[PDB]
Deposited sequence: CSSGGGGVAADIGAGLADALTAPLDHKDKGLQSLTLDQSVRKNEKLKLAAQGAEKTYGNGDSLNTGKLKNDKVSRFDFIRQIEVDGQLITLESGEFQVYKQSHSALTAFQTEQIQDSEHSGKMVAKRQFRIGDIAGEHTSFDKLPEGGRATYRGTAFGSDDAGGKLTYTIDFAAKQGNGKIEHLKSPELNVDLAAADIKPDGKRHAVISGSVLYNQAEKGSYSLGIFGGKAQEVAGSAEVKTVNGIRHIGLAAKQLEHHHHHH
């Protein structure tokens, strides 16, 4: 019933892979390019599915990965993410392994050449990583300078509550407005972040951060909107 009504699955399911999602008594199967109906999902929240990924090998369907599939939906943007629970060993055998990654980031991308030529926007939204959807993203874009900066707060893991350093709005090869910059924790480079700008009026940002931690690189999905 509400937008974003539809997300193309592209990163989330690769060609000839099969992605099954389950929630309650429903189960749906998806292949590369297929549409996920985000129209019925709650805006401004993480929607939860169980997933399994399969492929044919030597004529038999096998499992590649199982776990939880997360969707954060906004009005003009959404993003998917995977919490793996089991993954192919290396050998035709699953092994337990928990890792988190961002899947598709999509929506009505704002054109770089049609951005607001002036003014300041403040975006407020959610940062979510492994086992933690409770983080809070604040981000600010100065369209006069075409710089953005922000930060993540309230994630349970304190090393994840980083600053998103000032970075430029540039066009990518589709002429979409995107931001790529650095992440700081306590005044130290601790990774990077990426945001696209979405909505005809730059109403939303959505992307991800990769944060250096003692436990390895940790991924954070990012989405926010203006009032």
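When the deposited sequence is numbered from 1, the segments without any C-alpha atom are 1 to 27, 118 to 119, 257 to 263.
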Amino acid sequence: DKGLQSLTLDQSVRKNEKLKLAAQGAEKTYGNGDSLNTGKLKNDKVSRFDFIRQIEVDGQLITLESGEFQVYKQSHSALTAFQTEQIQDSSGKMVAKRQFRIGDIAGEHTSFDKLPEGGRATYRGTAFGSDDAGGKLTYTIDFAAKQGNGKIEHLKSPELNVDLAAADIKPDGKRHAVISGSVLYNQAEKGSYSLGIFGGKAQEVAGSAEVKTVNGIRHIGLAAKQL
From here on, numbers count along this sequence of modelled residues.
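Among the other PDB entries of this protein that were compared and that flank it with modelled residues, residue 88 is modelled in all, so it is never left out in a third of them. Here 32 to 40 and 162 to 170 are compared by their mean Cα B-factor, and 32 to 40 comes out higher.
Comparing the deposited coordinates for 92 to 100 and 123 to 131, the stretch with the larger average C-alpha B-factor is 92 to 100. Annotation for 111, 86, 83, 80: 111 ranks highest, by Cα B-factor. Note on the listed residues 13, 209, 206, 21: the highest Cα temperature factor in the record is that of 13. Ranked within its chain, residue 45 lands in the middle third, by CA B factor from the PDB record. Annotation for residue 67: CA B-factor lies in the lowest third of the chain's modelled residues. Annotation for residue 142: C-alpha temperature factor in the lowest third relative to the rest of the modelled chain, per the entry. The entry lists a Cα temperature factor for residue 195 that places it in the lowest third of the chain's modelled residues. Among the modelled residues of the chain, residue 201 sits in the middle third by CA temperature factor in this PDB entry.
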